[PDB]
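Take a look at this one chain, the form deposited in one PDB entry, written out in structure tokens.
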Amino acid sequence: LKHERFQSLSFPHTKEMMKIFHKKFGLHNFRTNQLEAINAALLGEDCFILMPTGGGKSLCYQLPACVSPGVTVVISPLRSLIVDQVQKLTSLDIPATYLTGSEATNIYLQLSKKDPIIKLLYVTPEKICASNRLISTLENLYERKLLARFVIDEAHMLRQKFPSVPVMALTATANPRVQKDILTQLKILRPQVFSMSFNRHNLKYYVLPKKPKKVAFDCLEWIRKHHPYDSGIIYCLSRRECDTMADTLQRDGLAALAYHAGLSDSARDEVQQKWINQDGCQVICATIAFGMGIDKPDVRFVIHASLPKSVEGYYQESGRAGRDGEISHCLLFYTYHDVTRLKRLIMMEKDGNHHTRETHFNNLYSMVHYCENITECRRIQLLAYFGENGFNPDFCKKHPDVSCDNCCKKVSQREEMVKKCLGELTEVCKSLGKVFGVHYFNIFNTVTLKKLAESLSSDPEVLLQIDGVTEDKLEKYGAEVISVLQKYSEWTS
């Protein structure tokens, strides 16, 4: 009943909320739970949002941040999230900045002005639990009624100084024990809880037989056939496996780079920037901690070249594929020889007891159960592991384009022009990204670029009807994008 009122478009804030949604974000339709969480936030409620990767958590706090006077402070332990969101917001001409760790002094000075201007201020938990200058800046905003909200983006002491400021916590963790632990911490606030299925609608799950001395050649062949020009990740069990996987792909002309703790800080920074920008690196061959630290929205494939340690690890590692919502593939190469490799690592782990080993073995038991279960829908298997009941077993049958492997068991001239145009528009976004200091997908994302190419239009009134196209973006990037589209005028209709 409280949640049905959160579906209303008749609040005092609705007109401004919808104006900013359409004109500043360039959007047209809300996704599951977005309108409800946004309305609860603008009504002053504390919120807890449980939403999988790709669901659209960012808009849940960024759109209320734009509507409200003053500053929304966003706490996040993920540096990749902070950099991505500040680039995204800056590209949209939404004032935003971060404090993670002289440049801080300029931010504190701007926040103290009559008009702080900054709408979203991103900070790390370490920065907000140590910087006394940040605390007094927040005190100054609070006294002028310009401290709008505290957000924790990926929620996996401060309420005493600012008790009237609402809190919004968001998480993509499917672990129900972690979800309940976060809710326990927020319980005194009596937050509105918005939950939904953790099913990743756009991911295709596969489990393939692994040849222990030939998996690199199978990766190379699959990538050339399905995603020759798209980014991907190959997760490996060890640093040496990363290096041999990258070596093998490099010897065959595929731009692959190993990404792990063995690299120097200089080499890590170079591999990260080449892969994020599609600049001389198509695939990163990574250990789990390293692959989970980079936030690219258009990862078209995640391949697990060896067995993951747990289903929770598998879901969260494969799950970062396709944050843009476009179809992506999640291939797990399975051999029981990798179970033995993992058991040896478990037995040799330093400071390990029968309990830590038992925990690791129990995690391995469930991962192998998924690999050996060749009948039940893989979407159902993943959600059953996390205790999510009520998932439609017919999902893969209803959407065969994203069917898991267990449920599985012509080009026109105008479309050729659409593909050529899309290629030129992506190249334009890469050159614009260098000029504006953002990654190409923060000039225009995958879906916006795909729809711009499909239109083949150079009319701003048509282009402004596409999701993600905004008047502020056409003022900054429009001459370049429209110059490309103009060349396709014979094919528009």
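Don't overthink the numbering: it's just position in the shown sequence, from 1. For the two forms, the rigid core is made up of the largest set of C-alpha atoms that agree within 1.5 Å on superposition.
The following text describes the form deposited in another entry, which does not appear among the structures shown.
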Exercise. Hey, after the core superposition between this form and the one not shown, which of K419, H226, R79, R268 has the C-alpha moving 2 angstroms or more?
Worked result: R79
Exercise. Is the C-alpha displacement of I135 equal to or greater than 2 Å between this form and the one not shown once the rigid core has been superposed?
Worked result: no
For this session: Could you tell me whether the Cα atom of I188 shifts by at least 2 Å between this form and the one not shown after core superposition?
Result: yes
Seminar exercise, completed: A change of 3 Å or more separates this form from the other: in the other entry, the C-alpha atoms of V73 and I188 are closer
For this session: Look at the CA atoms of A169 and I188: state whether they lie closer or farther apart in the other entry than in this form, given a difference of 3 Å or more.
Result: closer
